[PDB]
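Single-structure report; data block below.
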């Protein structure tokens, strides 16, 4: 996608993460499971919600009766009335069709952007304490218990606390 | 030409008399006079649906 994450370097989705649009999967010694990122999800929900209401509510039509009646000697104005109706028909149809197409595209990109940013936000925290193993996963160079994992999801990961352990395992693994 | 067996014709006319105004009819023949007329208040503008759809 526009930003390369969804259907990109994160190849597929998670039917197991049911509580949010974007989120996290972890596996450590004490367990494994999914957790939605609640903040980024709510924010995205707020954006799309606002978008839907805009497309719907900015249309404020008045009370009208479309039909018009003309006698057999009023064909010219009957064709004018039809030209009006057909002109309106053509416009709304073109504009609605393109509108939906354009915003659907903008919507998918948006999700794509959001995932990338989440991934980047974690990478920026983890730095050299983990290995980017592709497909959106980071493999930690140190033991990460449930407390540690949560700090990452909450954005308070302590890089210096684990940097030593990681450096040992990083230069050990890289021989 | 005979329509519904008639070679004659009847033209139908209408007007809206304002409150307080008088309308006068004068004739020496050929007048289909009103018998019932209609007091009414027109509201805005609707239209006429021509359909078999049931009410």
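Residue numbers (the authors' numbering), protein chains in the order written: chain P, 1 to 175; chain M, 221 to 266, 266A, 267 to 274. C-beta: ideal position from N, C-alpha, C; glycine also.
- Closest in alpha carbon position to residue 129 of chain P, among P/38, P/142 and P/147, is P/142.
- 64, 65, 66, 67, 68 and 69: these are the residues of the region 64-76 of chain P whose beta carbon lies less than 9 Å from some beta carbon of chain M, given in chain order.
- For residue 250 of chain M, DSSP records no beta bridge to any residue.
- Note: residue 28 of chain P is bridge-paired with P/31 in the DSSP secondary-structure output.
- In this structure, DSSP gives residue 131 of chain P an extended state, which the three-state scheme calls strand.
- Annotation: residue 140 of chain P is outside any alpha helix (DSSP H); the continuous beta strand (DSSP E) that includes it extends over 138-140.
- Counting only Cβ-Cβ distances below 9 Å, residue 270 of chain M has no contacts in chain P at all, with the closest Cβ about 11 Å away.
- Under the three-state reduction of DSSP output, residue 125 of chain P falls in the helix class.
- Scanning the region 69-104 of chain P from its first residue to its last, no whole beta strand (DSSP E) run of 3-plus residues comes out.
- Rounded to whole angstroms, residue 261 of chain M and residue 90 of chain P show a C-alpha spacing of 37 Å.
- Under the DSSP assignment, residue 50 of chain P falls in the alpha helix (DSSP H) whose first and last residues are 38-57.
- Looking at P/4, P/122 and P/112, the one whose alpha-carbon comes closest to that of residue 151 of chain P is P/122.
- Among the bridge pairs identified by DSSP, residue 23 of chain P is matched with P/36.
- DSSP places residue 149 of chain P inside the alpha helix (DSSP H), whose first and last residues are 146-154.
- With fewer than 16 other Cβ atoms inside 10 Å of its own Cβ, residue 233 of chain M counts as exposed.
- With respect to the C-alpha of residue 144 of chain P, the residue from P/21, P/161 and P/136 having the closest C-alpha is P/161.
- By the 16-neighbour rule on beta-carbons within 10 angstroms, residue 26 of chain P is buried.
- Residue 88 of chain P counts as exposed, since fewer than 16 other beta carbons sit within 10 angstroms of its beta carbon.
- Nearest to residue 138 of chain P by C-alpha distance, out of P/10, P/99, P/46 and P/1, is P/10.
- Here residue 66 of chain P is not bridged, per DSSP, to any residue.
- Check the Cα spacing between residue 28 of chain P and each of P/54, P/82 and P/146: the tightest is with P/146.
- For the pair of segments examined, the region 36-47 of chain P was found to touch the region 13-21 of chain P: the number of CB pairs separated by less than 8 Å reaches three.
- Looking only at P/153, P/5, P/94 and P/127, the smallest Cα-Cα distance to residue 166 of chain P is reached by P/127.
- Boundaries for residue 221 of chain M: no alpha helix (DSSP H) harbours it, and the DSSP string shows neither H nor E there.
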